[PDB]
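**Q** First the structure, which I've put down as structure tokens, then a few questions once you've had a look.
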Amino acid sequence: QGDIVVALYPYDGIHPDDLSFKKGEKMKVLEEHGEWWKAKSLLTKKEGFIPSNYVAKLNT
């Protein structure tokens, strides 16, 4: 269905598919792969891979 998560910690695309997100930023996951999923930035609509320990549901 697609879950919405908010960047809890800034991420600078260090990988080829890792999507970069900045704390306070919101992201949506289009697919879950266990501990890793691919989300997209509502700001630049960019999509990449995000860890399940840097982003979460809501926050501030």
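Quick note on naming: the chains in the structure tokens go A, B, ... in the order shown, residues restart at 1 in each chain, and ligands are numbered from 1 in order of appearance.
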Identify, with DSSP run on backbone atoms, the residues in chain A assigned to strand (DSSP E or B), and express the list as a VMD selection string.
**A** chain A and resid 3 to 7 11 21 26 to 32 36 to 41 47 to 51 55 to 56
**Q** Keeping only N, CA, C and O atoms, write the selected residues to a file as a tab-separated table (two decimals), in the first residue's frame.
**A**
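After the write, part.tsv holds the following:
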```tsv
chain	number	residue	atom	x	y	z
A	3	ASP	N	3.95	2.97	2.83
A	3	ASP	CA	3.97	3.56	4.19
A	3	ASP	C	4.68	4.92	4.14
A	3	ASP	O	5.55	5.15	3.32
A	4	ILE	N	4.32	5.82	5.02
A	4	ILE	CA	4.98	7.16	5.02
A	4	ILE	C	5.94	7.25	6.21
A	4	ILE	O	5.58	6.96	7.33
A	5	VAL	N	7.15	7.65	5.97
A	5	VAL	CA	8.14	7.76	7.08
A	5	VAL	C	8.79	9.14	7.02
A	5	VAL	O	8.86	9.76	5.98
A	6	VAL	N	9.27	9.64	8.12
A	6	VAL	CA	9.92	10.97	8.09
A	6	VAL	C	11.40	10.81	8.39
A	6	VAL	O	11.79	10.10	9.30
A	7	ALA	N	12.24	11.45	7.62
A	7	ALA	CA	13.70	11.32	7.84
A	7	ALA	C	14.05	11.72	9.27
A	7	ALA	O	13.89	12.86	9.66
A	11	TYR	N	20.58	11.95	5.28
A	11	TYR	CA	21.30	10.88	4.53
A	11	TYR	C	21.81	11.44	3.20
A	11	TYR	O	21.05	11.95	2.41
A	21	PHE	N	18.04	11.84	2.10
A	21	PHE	CA	16.92	12.53	2.79
A	21	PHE	C	17.49	13.35	3.95
A	21	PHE	O	18.48	12.98	4.54
A	26	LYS	N	10.21	14.22	4.80
A	26	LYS	CA	9.28	13.06	4.81
A	26	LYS	C	9.56	12.16	3.61
A	26	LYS	O	9.94	12.61	2.54
A	27	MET	N	9.39	10.88	3.78
A	27	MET	CA	9.65	9.92	2.67
A	27	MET	C	8.55	8.86	2.64
A	27	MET	O	7.93	8.55	3.64
A	28	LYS	N	8.32	8.29	1.49
A	28	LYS	CA	7.28	7.23	1.36
A	28	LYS	C	7.96	5.96	0.84
A	28	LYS	O	8.77	6.02	-0.05
A	29	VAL	N	7.64	4.82	1.39
A	29	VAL	CA	8.29	3.57	0.91
A	29	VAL	C	7.38	2.85	-0.08
A	29	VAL	O	6.27	2.48	0.24
A	30	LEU	N	7.84	2.66	-1.28
A	30	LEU	CA	7.01	1.97	-2.31
A	30	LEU	C	7.20	0.46	-2.19
A	30	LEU	O	6.39	-0.31	-2.69
A	31	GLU	N	8.25	0.01	-1.55
A	31	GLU	CA	8.46	-1.46	-1.42
A	31	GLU	C	9.30	-1.75	-0.18
A	31	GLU	O	10.23	-1.04	0.14
A	32	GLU	N	8.98	-2.80	0.52
A	32	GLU	CA	9.75	-3.15	1.74
A	32	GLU	C	10.59	-4.40	1.46
A	32	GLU	O	10.12	-5.37	0.89
A	36	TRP	N	15.47	-3.21	4.92
A	36	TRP	CA	15.77	-2.09	3.99
A	36	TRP	C	14.59	-1.89	3.03
A	36	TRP	O	13.98	-2.83	2.58
A	37	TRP	N	14.28	-0.66	2.71
A	37	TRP	CA	13.15	-0.40	1.78
A	37	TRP	C	13.52	0.74	0.82
A	37	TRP	O	14.48	1.45	1.04
A	38	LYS	N	12.75	0.92	-0.21
A	38	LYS	CA	13.04	2.03	-1.16
A	38	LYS	C	11.94	3.09	-1.02
A	38	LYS	O	10.77	2.82	-1.23
A	39	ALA	N	12.30	4.28	-0.65
A	39	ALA	CA	11.28	5.35	-0.47
A	39	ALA	C	11.50	6.47	-1.48
A	39	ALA	O	12.32	6.37	-2.37
A	40	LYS	N	10.76	7.54	-1.35
A	40	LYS	CA	10.91	8.68	-2.29
A	40	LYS	C	10.79	9.99	-1.51
A	40	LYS	O	10.13	10.06	-0.49
A	41	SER	N	11.44	11.03	-1.96
A	41	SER	CA	11.37	12.33	-1.22
A	41	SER	C	10.21	13.17	-1.75
A	41	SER	O	10.11	13.42	-2.94
A	47	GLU	N	13.66	8.85	-5.57
A	47	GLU	CA	13.44	7.56	-4.86
A	47	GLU	C	14.77	6.82	-4.73
A	47	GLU	O	15.62	6.90	-5.60
A	48	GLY	N	14.96	6.12	-3.65
A	48	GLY	CA	16.24	5.38	-3.46
A	48	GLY	C	16.08	4.36	-2.34
A	48	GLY	O	14.98	4.07	-1.90
A	49	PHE	N	17.16	3.81	-1.87
A	49	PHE	CA	17.06	2.80	-0.78
A	49	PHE	C	17.31	3.48	0.56
A	49	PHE	O	18.23	4.26	0.72
A	50	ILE	N	16.49	3.20	1.54
A	50	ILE	CA	16.67	3.82	2.88
A	50	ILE	C	16.74	2.73	3.94
A	50	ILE	O	16.05	1.73	3.86
A	51	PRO	N	17.60	2.91	4.97
A	51	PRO	CA	17.74	1.92	6.04
A	51	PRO	C	16.55	1.99	7.00
A	51	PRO	O	15.87	2.99	7.08
A	55	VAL	N	15.08	6.44	9.28
A	55	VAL	CA	13.75	7.10	9.11
A	55	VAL	C	12.70	6.34	9.92
A	55	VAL	O	12.91	5.22	10.33
A	56	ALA	N	11.56	6.94	10.14
A	56	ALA	CA	10.49	6.24	10.91
A	56	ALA	C	9.14	6.90	10.64
A	56	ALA	O	8.98	7.66	9.71
```
**Q** Excluding residue 60 of chain A and its own-chain neighbours fewer than 6 positions away, which residues fall within 10 Å of it when counting only C-alpha atoms? Please give them as number ranges by chain.
**A** A: 6, 8, 23-24
**Q** What's the 10 Å shell around residue 12 of chain A, counting only C-alpha atoms, without same-chain residues fewer than 6 positions away, as a compact mmCIF listing (two decimals) with C-alpha atoms, in the first residue's frame?
**A**
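Saved file out-v9.txt follows:
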```txt
# COMPACT_ATOMS: atom_id res chain seq x y z
CA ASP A 18 20.34 5.10 -1.74
CA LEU A 19 17.93 8.06 -1.84
CA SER A 20 19.24 11.06 0.15
CA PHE A 21 16.92 12.53 2.79
CA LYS A 22 17.41 15.30 5.38
```
**Q** If you measure from atom CA of residue 59 of chain A to atom CA of residue 45 of chain A, what distance in Å do you get, rounded to one decimal?
**A** 20.2 Å
**Q** In Å, with one decimal, what is the gap from atom CA of residue 54 of chain A to atom CA of residue 9 of chain A?
**A**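 Separation of atom CA of residue 54 of chain A and atom CA of residue 9 of chain A: 5.3 Å.
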**Q** So which one's closest to residue 10 of chain A, A:35, A:25, A:57, A:44? Using only C-alpha atoms, please.
**A**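 Using only C-alpha atoms, the shortest distance to residue 10 of chain A belongs to A:25.
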